[PDB]
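**Q** Pasting a structure here, questions to come.
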Amino acid sequence: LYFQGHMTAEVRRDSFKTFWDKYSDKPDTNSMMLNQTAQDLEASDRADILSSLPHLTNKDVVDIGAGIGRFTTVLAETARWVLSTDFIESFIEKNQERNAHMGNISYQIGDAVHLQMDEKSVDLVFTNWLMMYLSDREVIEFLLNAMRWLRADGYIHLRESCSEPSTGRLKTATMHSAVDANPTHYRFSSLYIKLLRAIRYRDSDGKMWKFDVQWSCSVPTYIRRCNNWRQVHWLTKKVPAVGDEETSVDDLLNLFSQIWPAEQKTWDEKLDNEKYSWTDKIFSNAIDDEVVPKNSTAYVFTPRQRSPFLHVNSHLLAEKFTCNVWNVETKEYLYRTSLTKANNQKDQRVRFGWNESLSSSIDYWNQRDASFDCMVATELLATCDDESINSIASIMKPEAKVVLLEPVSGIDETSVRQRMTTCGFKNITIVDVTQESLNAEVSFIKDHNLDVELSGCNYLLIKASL
Ligand SMILES: Nc1ncnc2c1ncn2[C@@H]1O[C@H](CSCC[C@H](N)C(=O)O)[C@@H](O)[C@H]1O
Ligand SMILES: CCCCCCCCO[C@@H]1O[C@H](CO)[C@@H](O)[C@H](O)[C@H]1O
Ligand SMILES: CCCCCCCCO[C@@H]1O[C@H](CO)[C@@H](O)[C@H](O)[C@H]1O
Ligand code: NA
C-alpha cells in the first residue's frame, strides 16, 4: 500500500523475480525451457544455438540469465573465460554443481538490469530467452550496456519467444500456470531487429557504434518439434558508425514502444489474410519439376521493394513441388508477416530468414557450405548489384536453375542478358509477362479487397542456369 505500488519499475522488476521464484524448487531443463518434456528438446535446441555462434578460442564471454547453465557448460569448453549470471540463487547453485569440473567459469547472482562491467571487457554477450523478461526501457538499457561492454568486432547473441510463448497458445507442453497471468513480454520479431539496427552509441572515447544484425532465424528444433517459427534468434556485431548521431533511450523508446508496433499492426492487417500471391499465376509458366525437383531445397529471395505484395508464394512452392524452401526477406515488418503465415500453415518444409541484403544471406550460407538446388526470386536484378548476384553461385549446386520475375520500365532484353551473362548465368530466356501480371495483380487486389493501386510496372519473367 505504498506510492505507485502497482506500477513502479521495481514492482515490475520484482514481478519477474517472483515468477522465476516459482521454479527455483526445480533447477532443471523443464524450468529453463518452461516445458514439461524439455528433455525431448534440450540438446537439439542448445546445438542449434551454439552452432550459430562464432568460434570462441581465447575470447571472454558473458552468459546473462544463464540459469542452471546449460549453455555455460559448453561455452566454457572453448572460450577463454565465461561469466555466468542469473537472478535466481538456486539456479546458479545448480550451475556451479554441474560445472564443478571446470575452472574457467565465474559465477554471479544478480539482476541483469543492475549488471555492470568495464568497457570493452567481453567479446561475446550471450543471452537466450531474456529480453522477454525485461520492460521495453530495460531492453534498450540492456543493449546500450552490452554495447559499452563489447570490444570492437564483438558480438551479441539474443534469442526470444516472439509474439507467443515457445509452447504456443496454449500447449499442454507448457509449464506456465493455466490460471495465473503470464508477465512475459512476447514482442514481434521485427521490433527486436529494428531496435538493434537503430542503436547508435558513443563510447567514452567519443567513438560512435552501431549493430550489424547478421541474420534473423527461427530455431530449427522449435519448428520441427513444436511447429513454432517464432522462436527467433539473431547474431549481431558491434561495428563503427562513422558520422552518425547518438540515439538516446527516450528516442529509442518512442520507436520501440509505440511507433514500430503500430506500423507492424498495419502490415498485419494488409498481409495476414493473403490467400495466394498474385505472382503464382506468373511463376506457374516458368517453374516446373526440372527447375524444382521433388524433395529439393529451393532458395527464395523476396526484397519487396516496389510493393509489399511482390513476392514468391513459398508455401505453394513447397506444396506443389514437394520441396523444402528457404525464403529470404529484407523488410522486417514483412518478414514478421511471413512468420505469422508459417505458424498458421505448419508446413515444416518452409523456412524464412531476415537479412539486410542479398550479400548478407550469401555470407550466412557460404559459411555453412550450402548448395541449394535452385533459385526463385522477385526483384533480384532490380535491387542487387552485379557483385552480389555473381556470388549466388557459391551457394548453388552446379547447373542449378533460376527463375526471376523482374519489374522494369522500358524493356531492354539485350542489356538484361548482358548483366546475367556477366554474373555467370547461361541459357538465358526472357519472356515479357506485363499483360499477364497486370491481370493477375488486379485480380489479387480486388479479391483481397485491398484499396491499393497496382505496382504499375512492366514485368519480365526470366529463366537461366549457372
Ligand atoms: N533480469 C534478470 N536478471 C538475471 N536473470 C534473469 C533476469 N530475468 C530472467 N532471468 C533468468 O533468465 C532465465 C530464463 S529461462 C532460460 C535459461 C537459459 N538462458 C537457457 O536457455 O537455458 C532464468 O534463469 C531466469 O532466472
Ligand atoms: C510459387 C509458384 C507456384 C507454382 C505451382 C503451380 C502448379 C504446380 O503443379 C505441379 O507441376 C509439377 C510438374 O512438374 C507436378 O509434378 C506437380 O504434381 C504439380 O503439383
Ligand atoms: C527447409 C530449409 C532448411 C534447409 C537449408 C539448408 C541449405 C541447403 O542445404 C543443401 O540441401 C540439399 C538438399 O537439397 C543438399 O543436397 C545439400 O548438400 C545441402 O547443402
Ligand atoms: Na514474430
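Identifiers in this document derive from the order of the C-alpha cells: chains are assigned A, B, ..., residues are numbered from 1 separately in each chain, and ligands are numbered from 1 in order of occurrence.
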Within 12 Å of ligand 3, which residues of chain A come that close, and what is the closest atom pair and distance in Å for each? Count only C-alpha atoms and all ligand atoms and give it as a Markdown table.

**A**
| residue | atom | partner | partner_atom_place_in_ligand_line | distance |
| --- | --- | --- | --- | --- |
| A:217 | CA | ligand 3 | 3 (C) | 10.7 |
| A:218 | CA | ligand 3 | 3 (C) | 10.4 |
| A:219 | CA | ligand 3 | 3 (C) | 11.0 |
| A:220 | CA | ligand 3 | 3 (C) | 8.5 |
| A:221 | CA | ligand 3 | 3 (C) | 11.7 |
| A:223 | CA | ligand 3 | 1 (C) | 10.2 |
| A:224 | CA | ligand 3 | 1 (C) | 10.2 |
| A:229 | CA | ligand 3 | 1 (C) | 11.9 |
| A:292 | CA | ligand 3 | 14 (O) | 9.9 |
| A:293 | CA | ligand 3 | 14 (O) | 8.9 |
| A:294 | CA | ligand 3 | 14 (O) | 9.2 |
| A:295 | CA | ligand 3 | 14 (O) | 6.8 |
| A:296 | CA | ligand 3 | 14 (O) | 4.1 |
| A:297 | CA | ligand 3 | 14 (O) | 4.2 |
| A:298 | CA | ligand 3 | 14 (O) | 7.5 |
| A:299 | CA | ligand 3 | 8 (C) | 8.0 |
| A:300 | CA | ligand 3 | 2 (C) | 10.3 |
| A:314 | CA | ligand 3 | 1 (C) | 10.8 |
| A:315 | CA | ligand 3 | 1 (C) | 11.3 |
| A:318 | CA | ligand 3 | 1 (C) | 9.4 |
| A:322 | CA | ligand 3 | 1 (C) | 11.4 |
| A:323 | CA | ligand 3 | 1 (C) | 8.3 |
| A:324 | CA | ligand 3 | 1 (C) | 4.5 |
| A:325 | CA | ligand 3 | 1 (C) | 5.0 |
| A:326 | CA | ligand 3 | 2 (C) | 4.9 |
| A:327 | CA | ligand 3 | 2 (C) | 8.5 |
| A:328 | CA | ligand 3 | 2 (C) | 11.0 |
| A:347 | CA | ligand 3 | 1 (C) | 9.8 |
| A:348 | CA | ligand 3 | 1 (C) | 7.1 |
| A:349 | CA | ligand 3 | 1 (C) | 4.8 |
| A:350 | CA | ligand 3 | 1 (C) | 5.4 |
| A:351 | CA | ligand 3 | 1 (C) | 5.4 |
| A:352 | CA | ligand 3 | 2 (C) | 8.3 |
| A:353 | CA | ligand 3 | 2 (C) | 10.1 |
| A:361 | CA | ligand 3 | 7 (C) | 11.2 |
| A:362 | CA | ligand 3 | 7 (C) | 11.1 |
| A:364 | CA | ligand 3 | 7 (C) | 10.1 |
| A:365 | CA | ligand 3 | 7 (C) | 7.0 |
| A:366 | CA | ligand 3 | 7 (C) | 9.8 |
| A:367 | CA | ligand 3 | 7 (C) | 10.9 |
| A:368 | CA | ligand 3 | 7 (C) | 7.9 |
| A:369 | CA | ligand 3 | 20 (O) | 6.1 |
| A:370 | CA | ligand 3 | 20 (O) | 3.7 |
| A:371 | CA | ligand 3 | 20 (O) | 4.1 |
| A:372 | CA | ligand 3 | 8 (C) | 4.6 |
| A:373 | CA | ligand 3 | 14 (O) | 5.6 |
| A:374 | CA | ligand 3 | 14 (O) | 9.0 |
| A:375 | CA | ligand 3 | 8 (C) | 11.4 |
| A:394 | CA | ligand 3 | 20 (O) | 11.0 |
| A:395 | CA | ligand 3 | 20 (O) | 8.1 |
| A:396 | CA | ligand 3 | 20 (O) | 8.6 |
| A:397 | CA | ligand 3 | 17 (C) | 7.9 |
| A:398 | CA | ligand 3 | 16 (O) | 11.2 |
| A:400 | CA | ligand 3 | 14 (O) | 10.8 |

**Q** Check which residues fall inside 8 Å of ligand 1 when counting only C-alpha atoms and all ligand atoms, and print them as an NGL selection string.

**A** :A and (13 or 16-17 or 20 or 29 or 31-34 or 46 or 63-71 or 85-88 or 91 or 109-113 or 127-131 or 133-134)

**Q** Using only C-alpha atoms and all ligand atoms for the distances, tell me which of A:154, A:54, A:183, A:261 is nearest to ligand 4.

**A**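 Among the listed residues, A:261 lies closest to ligand 4.
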
**Q** DSSP on the backbone, strand (DSSP E or B) only: what residues of segment 12-82 of chain A does that give? Format it as a ChimeraX atom specification.

**A** /A:35,57,60-64,79,81-82

**Q** Taking into account only C-alpha atoms and all ligand atoms, which residue in the set A:37, A:302, A:44, A:427 is nearest to ligand 2?

**A**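 Once distances to ligand 2 are computed over only C-alpha atoms and all ligand atoms, the minimum belongs to A:302.
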
**Q** Could you list, as a ChimeraX atom specification, all protein and nucleic acid residues with an atom at most 9 Å from ligand 2, counting only C-alpha atoms and all ligand atoms?

**A** /A:277,279-294,312-322,376

**Q** Output N, CA, C and O atoms for every residue in the selection just made, as an mmCIF file, in the first residue's frame.

**A**
data_model
loop_
_atom_site.group_PDB
_atom_site.id
_atom_site.type_symbol
_atom_site.label_atom_id
_atom_site.label_comp_id
_atom_site.auth_asym_id
_atom_site.auth_seq_id
_atom_site.Cartn_x
_atom_site.Cartn_y
_atom_site.Cartn_z
ATOM 1 N N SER A 277 -0.449 -15.582 -53.757
ATOM 2 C CA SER A 277 0.291 -14.421 -54.263
ATOM 3 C C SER A 277 -0.132 -14.148 -55.698
ATOM 4 O O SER A 277 -0.434 -15.083 -56.436
ATOM 5 N N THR A 279 1.666 -13.417 -57.985
ATOM 6 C CA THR A 279 2.740 -13.902 -58.837
ATOM 7 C C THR A 279 2.637 -15.402 -59.102
ATOM 8 O O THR A 279 3.357 -15.928 -59.944
ATOM 9 N N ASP A 280 1.757 -16.089 -58.372
ATOM 10 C CA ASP A 280 1.574 -17.530 -58.544
ATOM 11 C C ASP A 280 1.305 -17.888 -59.995
ATOM 12 O O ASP A 280 1.968 -18.761 -60.561
ATOM 13 N N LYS A 281 0.323 -17.206 -60.579
ATOM 14 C CA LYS A 281 -0.096 -17.444 -61.956
ATOM 15 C C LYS A 281 1.052 -17.206 -62.935
ATOM 16 O O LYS A 281 1.185 -17.919 -63.928
ATOM 17 N N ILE A 282 1.885 -16.213 -62.640
ATOM 18 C CA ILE A 282 3.031 -15.881 -63.488
ATOM 19 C C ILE A 282 4.131 -16.932 -63.400
ATOM 20 O O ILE A 282 4.615 -17.422 -64.415
ATOM 21 N N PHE A 283 4.519 -17.271 -62.177
ATOM 22 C CA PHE A 283 5.565 -18.261 -61.936
ATOM 23 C C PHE A 283 5.148 -19.653 -62.395
ATOM 24 O O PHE A 283 5.994 -20.519 -62.609
ATOM 25 N N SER A 284 3.845 -19.869 -62.530
ATOM 26 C CA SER A 284 3.326 -21.172 -62.942
ATOM 27 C C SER A 284 3.810 -21.573 -64.334
ATOM 28 O O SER A 284 3.925 -22.760 -64.641
ATOM 29 N N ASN A 285 4.109 -20.592 -65.175
ATOM 30 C CA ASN A 285 4.561 -20.896 -66.528
ATOM 31 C C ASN A 285 6.079 -20.890 -66.711
ATOM 32 O O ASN A 285 6.559 -20.912 -67.844
ATOM 33 N N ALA A 286 6.828 -20.875 -65.606
ATOM 34 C CA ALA A 286 8.292 -20.886 -65.672
ATOM 35 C C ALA A 286 8.931 -21.869 -64.700
ATOM 36 O O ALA A 286 10.087 -22.257 -64.866
ATOM 37 N N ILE A 287 8.187 -22.259 -63.675
ATOM 38 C CA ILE A 287 8.697 -23.238 -62.728
ATOM 39 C C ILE A 287 8.042 -24.594 -62.969
ATOM 40 O O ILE A 287 6.816 -24.715 -62.976
ATOM 41 N N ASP A 288 8.874 -25.607 -63.189
ATOM 42 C CA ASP A 288 8.415 -26.975 -63.376
ATOM 43 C C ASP A 288 9.298 -27.880 -62.536
ATOM 44 O O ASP A 288 10.163 -27.386 -61.820
ATOM 45 N N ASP A 289 9.107 -29.192 -62.627
ATOM 46 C CA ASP A 289 9.908 -30.117 -61.820
ATOM 47 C C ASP A 289 11.323 -30.352 -62.367
ATOM 48 O O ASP A 289 12.083 -31.140 -61.812
ATOM 49 N N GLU A 290 11.673 -29.667 -63.450
ATOM 50 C CA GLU A 290 13.063 -29.600 -63.884
ATOM 51 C C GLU A 290 13.778 -28.452 -63.165
ATOM 52 O O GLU A 290 14.970 -28.538 -62.886
ATOM 53 N N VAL A 291 13.045 -27.381 -62.866
ATOM 54 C CA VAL A 291 13.578 -26.299 -62.042
ATOM 55 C C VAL A 291 13.612 -26.711 -60.574
ATOM 56 O O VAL A 291 14.605 -26.487 -59.879
ATOM 57 N N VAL A 292 12.521 -27.318 -60.112
ATOM 58 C CA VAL A 292 12.384 -27.743 -58.721
ATOM 59 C C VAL A 292 12.114 -29.243 -58.618
ATOM 60 O O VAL A 292 10.965 -29.676 -58.651
ATOM 61 N N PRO A 293 13.177 -30.049 -58.508
ATOM 62 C CA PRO A 293 12.957 -31.495 -58.368
ATOM 63 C C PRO A 293 12.268 -31.828 -57.044
ATOM 64 O O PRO A 293 12.353 -31.047 -56.093
ATOM 65 N N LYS A 294 11.585 -32.967 -56.982
ATOM 66 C CA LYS A 294 10.902 -33.360 -55.754
ATOM 67 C C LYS A 294 11.892 -33.515 -54.606
ATOM 68 O O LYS A 294 12.988 -34.048 -54.790
ATOM 69 N N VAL A 312 7.172 -14.284 -53.611
ATOM 70 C CA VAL A 312 7.000 -15.661 -54.047
ATOM 71 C C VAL A 312 6.170 -16.384 -53.004
ATOM 72 O O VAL A 312 6.416 -16.238 -51.805
ATOM 73 N N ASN A 313 5.184 -17.153 -53.452
ATOM 74 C CA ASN A 313 4.350 -17.926 -52.543
ATOM 75 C C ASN A 313 5.077 -19.216 -52.189
ATOM 76 O O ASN A 313 4.849 -20.265 -52.799
ATOM 77 N N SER A 314 5.961 -19.120 -51.202
ATOM 78 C CA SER A 314 6.839 -20.225 -50.844
ATOM 79 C C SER A 314 6.073 -21.432 -50.316
ATOM 80 O O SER A 314 6.516 -22.573 -50.466
ATOM 81 N N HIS A 315 4.925 -21.185 -49.697
ATOM 82 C CA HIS A 315 4.103 -22.286 -49.232
ATOM 83 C C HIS A 315 3.526 -23.060 -50.403
ATOM 84 O O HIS A 315 3.531 -24.286 -50.397
ATOM 85 N N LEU A 316 3.058 -22.349 -51.421
ATOM 86 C CA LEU A 316 2.547 -23.009 -52.616
ATOM 87 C C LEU A 316 3.676 -23.722 -53.360
ATOM 88 O O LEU A 316 3.486 -24.808 -53.910
ATOM 89 N N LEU A 317 4.855 -23.109 -53.367
ATOM 90 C CA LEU A 317 6.020 -23.729 -53.971
ATOM 91 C C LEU A 317 6.287 -25.081 -53.322
ATOM 92 O O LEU A 317 6.312 -26.098 -53.998
ATOM 93 N N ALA A 318 6.460 -25.087 -52.005
ATOM 94 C CA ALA A 318 6.696 -26.324 -51.271
ATOM 95 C C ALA A 318 5.587 -27.354 -51.472
ATOM 96 O O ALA A 318 5.845 -28.555 -51.545
ATOM 97 N N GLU A 319 4.345 -26.891 -51.544
ATOM 98 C CA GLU A 319 3.220 -27.809 -51.711
ATOM 99 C C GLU A 319 3.222 -28.465 -53.081
ATOM 100 O O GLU A 319 3.155 -29.687 -53.194
ATOM 101 N N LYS A 320 3.298 -27.644 -54.123
ATOM 102 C CA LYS A 320 3.164 -28.127 -55.490
ATOM 103 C C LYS A 320 4.361 -28.933 -55.976
ATOM 104 O O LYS A 320 4.207 -29.824 -56.802
ATOM 105 N N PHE A 321 5.552 -28.627 -55.477
ATOM 106 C CA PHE A 321 6.735 -29.338 -55.947
ATOM 107 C C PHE A 321 7.356 -30.270 -54.913
ATOM 108 O O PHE A 321 8.423 -30.834 -55.146
ATOM 109 N N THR A 322 6.655 -30.454 -53.796
ATOM 110 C CA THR A 322 7.109 -31.316 -52.706
ATOM 111 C C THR A 322 8.555 -31.040 -52.371
ATOM 112 O O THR A 322 9.370 -31.959 -52.322
ATOM 113 N N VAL A 376 14.430 -19.090 -56.879
ATOM 114 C CA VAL A 376 13.248 -18.378 -57.360
ATOM 115 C C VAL A 376 13.250 -17.028 -56.656
ATOM 116 O O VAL A 376 13.390 -16.970 -55.436
#

**Q** Could you give me, as a ChimeraX atom specification, each residue of segment 11-173 of chain A that DSSP assigns to alpha helix (DSSP H) when run on this structure's backbone?

**A** /A:11-21,29-33,38-50,70-78,89-98,136-149

**Q** Just to be explicit: take each residue in the selection above, keep C-alpha atoms, and write the result as a PDB file, in the first residue's frame.

**A**
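Result saved to result.pdb:
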ATOM      1  CA  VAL A  11       7.403  -3.707  -8.615  1.00  0.00           C
ATOM      2  CA  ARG A  12       7.502  -4.788 -12.259  1.00  0.00           C
ATOM      3  CA  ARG A  13      11.115  -5.836 -11.793  1.00  0.00           C
ATOM      4  CA  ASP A  14      10.065  -7.898  -8.781  1.00  0.00           C
ATOM      5  CA  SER A  15       7.128  -9.481 -10.615  1.00  0.00           C
ATOM      6  CA  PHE A  16       9.623 -11.303 -12.834  1.00  0.00           C
ATOM      7  CA  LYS A  17      11.837 -12.414  -9.938  1.00  0.00           C
ATOM      8  CA  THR A  18       8.664 -13.646  -8.203  1.00  0.00           C
ATOM      9  CA  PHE A  19       7.623 -15.555 -11.322  1.00  0.00           C
ATOM     10  CA  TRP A  20      11.001 -17.258 -11.502  1.00  0.00           C
ATOM     11  CA  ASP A  21      10.961 -17.900  -7.755  1.00  0.00           C
ATOM     12  CA  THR A  29      15.778 -28.143 -18.002  1.00  0.00           C
ATOM     13  CA  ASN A  30      11.989 -28.219 -17.626  1.00  0.00           C
ATOM     14  CA  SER A  31      12.125 -24.809 -15.927  1.00  0.00           C
ATOM     15  CA  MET A  32      14.740 -23.338 -18.273  1.00  0.00           C
ATOM     16  CA  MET A  33      12.537 -24.090 -21.234  1.00  0.00           C
ATOM     17  CA  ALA A  38      12.180 -30.305 -22.106  1.00  0.00           C
ATOM     18  CA  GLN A  39      14.279 -33.471 -22.185  1.00  0.00           C
ATOM     19  CA  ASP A  40      12.933 -34.059 -25.713  1.00  0.00           C
ATOM     20  CA  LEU A  41      14.144 -30.697 -26.976  1.00  0.00           C
ATOM     21  CA  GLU A  42      17.086 -29.565 -24.851  1.00  0.00           C
ATOM     22  CA  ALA A  43      20.198 -30.913 -26.597  1.00  0.00           C
ATOM     23  CA  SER A  44      18.971 -30.196 -30.113  1.00  0.00           C
ATOM     24  CA  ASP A  45      17.932 -26.651 -29.171  1.00  0.00           C
ATOM     25  CA  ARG A  46      21.260 -25.956 -27.461  1.00  0.00           C
ATOM     26  CA  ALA A  47      23.145 -27.238 -30.526  1.00  0.00           C
ATOM     27  CA  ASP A  48      21.018 -25.063 -32.844  1.00  0.00           C
ATOM     28  CA  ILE A  49      22.003 -22.011 -30.825  1.00  0.00           C
ATOM     29  CA  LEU A  50      25.630 -22.874 -30.073  1.00  0.00           C
ATOM     30  CA  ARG A  70      23.252 -25.493 -19.993  1.00  0.00           C
ATOM     31  CA  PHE A  71      24.936 -23.074 -22.415  1.00  0.00           C
ATOM     32  CA  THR A  72      27.635 -22.001 -19.936  1.00  0.00           C
ATOM     33  CA  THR A  73      28.749 -25.624 -19.760  1.00  0.00           C
ATOM     34  CA  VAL A  74      29.553 -25.781 -23.475  1.00  0.00           C
ATOM     35  CA  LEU A  75      30.618 -22.135 -23.904  1.00  0.00           C
ATOM     36  CA  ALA A  76      33.456 -22.592 -21.403  1.00  0.00           C
ATOM     37  CA  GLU A  77      34.806 -25.524 -23.450  1.00  0.00           C
ATOM     38  CA  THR A  78      36.329 -23.135 -25.975  1.00  0.00           C
ATOM     39  CA  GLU A  89      20.157 -18.256  -6.493  1.00  0.00           C
ATOM     40  CA  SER A  90      19.355 -21.971  -6.666  1.00  0.00           C
ATOM     41  CA  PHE A  91      19.826 -21.910 -10.447  1.00  0.00           C
ATOM     42  CA  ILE A  92      23.351 -20.518 -10.067  1.00  0.00           C
ATOM     43  CA  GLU A  93      23.935 -23.135  -7.371  1.00  0.00           C
ATOM     44  CA  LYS A  94      22.850 -25.916  -9.745  1.00  0.00           C
ATOM     45  CA  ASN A  95      25.073 -24.270 -12.412  1.00  0.00           C
ATOM     46  CA  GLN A  96      28.101 -24.491 -10.078  1.00  0.00           C
ATOM     47  CA  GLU A  97      27.377 -28.141  -9.308  1.00  0.00           C
ATOM     48  CA  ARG A  98      27.043 -29.294 -12.922  1.00  0.00           C
ATOM     49  CA  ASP A 136      10.879  -2.013 -23.108  1.00  0.00           C
ATOM     50  CA  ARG A 137      13.040   0.585 -21.370  1.00  0.00           C
ATOM     51  CA  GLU A 138      15.191  -2.111 -19.750  1.00  0.00           C
ATOM     52  CA  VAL A 139      15.725  -3.887 -23.090  1.00  0.00           C
ATOM     53  CA  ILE A 140      17.102  -0.657 -24.543  1.00  0.00           C
ATOM     54  CA  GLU A 141      19.191  -0.025 -21.427  1.00  0.00           C
ATOM     55  CA  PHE A 142      20.464  -3.604 -21.528  1.00  0.00           C
ATOM     56  CA  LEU A 143      21.502  -3.227 -25.167  1.00  0.00           C
ATOM     57  CA  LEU A 144      23.332   0.051 -24.583  1.00  0.00           C
ATOM     58  CA  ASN A 145      25.176  -1.687 -21.729  1.00  0.00           C
ATOM     59  CA  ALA A 146      26.130  -4.637 -23.926  1.00  0.00           C
ATOM     60  CA  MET A 147      27.379  -2.072 -26.398  1.00  0.00           C
ATOM     61  CA  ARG A 148      29.547  -0.452 -23.725  1.00  0.00           C
ATOM     62  CA  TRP A 149      30.965  -3.810 -22.586  1.00  0.00           C
TER      63      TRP A 149
END

**Q** Write out as a tab-separated table the residues of chain A that have any atom within 6 Å of an atom of ligand 4, one row each with the nearest atom pair and its distance in Å to one decimal, counting only C-alpha atoms and all ligand atoms, sorted by chain and then rising number.

**A**
residue	atom	partner	partner_atom_place_in_ligand_line	distance
A:162	CA	ligand 4	1 (Na)	4.6
A:163	CA	ligand 4	1 (Na)	4.8
A:188	CA	ligand 4	1 (Na)	4.1
A:189	CA	ligand 4	1 (Na)	4.0
A:230	CA	ligand 4	1 (Na)	5.3
A:336	CA	ligand 4	1 (Na)	5.2

**Q** Any chance you could tabulate, as CSV, the residues of segment 204-269 of chain A at most 9 Å from segment 168-177 of chain A with each one's nearest atom pair and distance in Å to one decimal, using only C-alpha atoms, in chain and rising number order?

**A**
residue,atom,partner,partner_atom,distance
A:226,CA,A:168,CA,8.2
A:227,CA,A:168,CA,8.8
A:228,CA,A:168,CA,7.2

**Q** Can I get the selected residues back with C-alpha atoms, as an mmCIF file, in the first residue's frame?

**A**
data_model
loop_
_atom_site.group_PDB
_atom_site.id
_atom_site.type_symbol
_atom_site.label_atom_id
_atom_site.label_comp_id
_atom_site.auth_asym_id
_atom_site.auth_seq_id
_atom_site.Cartn_x
_atom_site.Cartn_y
_atom_site.Cartn_z
ATOM 1 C CA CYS A 226 6.766 -27.570 -31.784
ATOM 2 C CA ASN A 227 5.552 -26.274 -35.179
ATOM 3 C CA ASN A 228 6.696 -22.871 -33.942
#

**Q** Select from segment 100-197 of chain A every residue with an atom at most 6 Å from any atom of segment 234-254 of chain A, then for each give the shortest pair of atoms and their distance in Å to one decimal, using only C-alpha atoms, rows by chain and rising number, as a tab-separated table.

**A**
residue	atom	partner	partner_atom	distance
A:152	CA	A:238	CA	5.8
A:153	CA	A:238	CA	5.4
A:154	CA	A:238	CA	5.5
A:155	CA	A:237	CA	4.5
A:156	CA	A:236	CA	5.3
A:157	CA	A:235	CA	4.9
A:158	CA	A:234	CA	5.6

**Q** Considering only C-alpha atoms, can you say which of A:225, A:419, A:448, A:59 comes closest to residue 275 of chain A?

**A**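 Of A:225, A:419, A:448, A:59, the one nearest residue 275 of chain A is A:448, counting only C-alpha atoms.
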
**Q** Residues near residue 387 of chain A, anyone? I mean within 10 Å using only C-alpha atoms, not counting same-chain ones fewer than 4 positions away, as a VMD selection string.

**A** chain A and resid 359 391 to 392 422 to 423

**Q** Go ahead and save the picked residues with N, CA, C and O atoms, as an mmCIF file, in the first residue's frame.

**A**
data_model
loop_
_atom_site.group_PDB
_atom_site.id
_atom_site.type_symbol
_atom_site.label_atom_id
_atom_site.label_comp_id
_atom_site.auth_asym_id
_atom_site.auth_seq_id
_atom_site.Cartn_x
_atom_site.Cartn_y
_atom_site.Cartn_z
ATOM 1 N N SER A 359 23.724 -10.016 -50.069
ATOM 2 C CA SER A 359 25.093 -10.300 -49.648
ATOM 3 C C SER A 359 25.135 -10.929 -48.258
ATOM 4 O O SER A 359 25.914 -11.843 -47.999
ATOM 5 N N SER A 391 27.813 -13.795 -56.860
ATOM 6 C CA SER A 391 28.215 -14.653 -55.752
ATOM 7 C C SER A 391 27.144 -15.661 -55.366
ATOM 8 O O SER A 391 27.354 -16.484 -54.483
ATOM 9 N N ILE A 392 25.995 -15.597 -56.022
ATOM 10 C CA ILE A 392 24.923 -16.545 -55.746
ATOM 11 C C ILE A 392 25.396 -17.977 -56.016
ATOM 12 O O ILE A 392 25.093 -18.896 -55.258
ATOM 13 N N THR A 422 27.211 -11.591 -67.479
ATOM 14 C CA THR A 422 28.368 -11.079 -66.742
ATOM 15 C C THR A 422 28.436 -11.699 -65.343
ATOM 16 O O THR A 422 29.518 -11.930 -64.797
ATOM 17 N N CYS A 423 27.269 -11.974 -64.777
ATOM 18 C CA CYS A 423 27.180 -12.509 -63.426
ATOM 19 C C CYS A 423 27.154 -14.032 -63.413
ATOM 20 O O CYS A 423 26.858 -14.649 -62.394
#

**Q** At a cut-off of 9 Å, using only C-alpha atoms, what residues contact residue 278 of chain A? Leave out same-chain residues fewer than 3 positions from it and give the result as a ChimeraX atom specification.

**A** /A:281-282,309-313,437,440-445

**Q** Just how far from atom CA of residue 456 of chain A is atom CA of residue 306 of chain A, in Å to one decimal?

**A** 9.1 Å

**Q** What lies within 12 Å of residue 410 of chain A using only C-alpha atoms, ignoring chain neighbours under 3 positions off, as a VMD selection string?

**A** chain A and resid 406 to 407 413 to 416 432 434 457 to 460

**Q** Take the residues from that selection and put them in a file with C-alpha atoms, as a compact mmCIF listing (two decimals), in the first residue's frame.

**A**
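Here's the written file part25.txt:
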# COMPACT_ATOMS: atom_id res chain seq x y z
CA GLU A 406 11.53 -8.57 -62.64
CA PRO A 407 9.85 -5.16 -62.58
CA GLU A 413 16.34 -7.55 -73.37
CA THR A 414 19.87 -7.27 -74.79
CA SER A 415 21.04 -5.46 -71.67
CA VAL A 416 19.35 -7.87 -69.25
CA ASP A 432 7.56 -10.29 -71.36
CA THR A 434 3.49 -7.44 -68.42
CA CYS A 457 5.46 -1.66 -63.52
CA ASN A 458 6.20 -3.81 -66.55
CA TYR A 459 7.40 -7.37 -65.89
CA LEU A 460 9.92 -9.81 -67.33

**Q** In Å, how far is it from atom CA of residue 210 of chain A to atom CA of residue 150 of chain A?

**A**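 So the answer is 11.6 Å.
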
**Q** What is the atom CA of residue 305 of chain A to atom CA of residue 379 of chain A distance in Å?

**A**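 Atom CA of residue 305 of chain A sits 7.5 Å away from atom CA of residue 379 of chain A.
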
**Q** For residue 382 of chain A, which residue out of A:439, A:340, A:409, A:360 is the nearest one, using only C-alpha atoms?

**A** A:409

**Q** Name the closest residue to residue 260 of chain A among the candidates A:204, A:332, A:53, A:213; distances are taken between atoms, counting only C-alpha atoms.

**A**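 Of A:204, A:332, A:53, A:213, the one nearest residue 260 of chain A, counting only C-alpha atoms, is A:332.
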